[PDB]
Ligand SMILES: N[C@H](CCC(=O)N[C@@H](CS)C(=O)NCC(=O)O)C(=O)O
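Form deposited without the named molecule, single chain, as structure tokens, below.
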């Protein structure tokens, strides 16, 4: 199925790992925000929010917002292997709630603060590194994540990585290329290495993350 994306994009990488986890092959279509590919006719026609990534199902069904896509992929494509779906997206209300919680934490907090701190330094006007307030706020998000991982192998608990691990795995890999020292958070560091070593597509994650590093030189 059609996947409009960009390698350095964390959300896109999140979807890439998830697709690999469920055995779906994505028809990669590089949506270089050049010429305003997202503000383009055909595209805006699919996603009026012109945000990336954007998925177009066989029936032309259009979906964007990585995390929503991740769930979609599992529910519609991973479910053939009930053991898998349950591993990546636990059906128990309590377990799933924690997964959802982490997914929301990832968008609204973990990546949000990452961007709010770095985007001003790498884009637009390119600010001379830093804004202490945003740095602490960003580090606070890492402290949170570190706590979530206290005595846990995976971000949302459980015995196997979930959709949440992949999502946050994408975000955190971006933190690394950004040059932040994750060693400063034992659990995150530990989880990162470990998870990156057993997850499907971890390779495209790291590779795409590296691409994003292009901005941090």
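Positions refer to the first chain, counted from 1. Shifts are known only where both forms have a C-alpha. We call the rigid core whatever largest set of C-alpha positions still superposes within 1.5 Å between the two forms.
Heads up, the form deposited with the named molecule bound isn't pictured, but that's what we're talking about next.
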Quick one: is residue 195 in contact with the named molecule in the entry with it bound, heavy atoms, 4.5 Å cut-off?
no
4.5 angstroms heavy atom contact with the named molecule in the entry with it bound for residue 33:
yes
The named molecule contact at residue 52 in the entry with it bound, heavy atom, 4.5 Å
yes
Taking the named molecule as it sits in the entry with it bound, is residue 176 near enough to touch it, meaning that at least one heavy atom pair lies within 4.5 angstroms?
no
Can you tell me which of 43-51, 151-159, 178-186, 22-30 lies within 4.5 Å of the named molecule in the entry with it bound, counting heavy atoms only?
43-51
In the entry with it bound, which of the listed residues (107, 97, 79, 135) lies with a heavy atom within 4.5 Å of the named molecule?
107
Checked 1-34 against the named molecule in the entry with it bound; residues with a heavy atom within 4.5 Å, sequence order, are 9, 11, 33
Give me the stretches of at least three consecutive residues whose Cα atoms move by 2 Å or more between the shown form and the other one once the core is superposed.
211-213
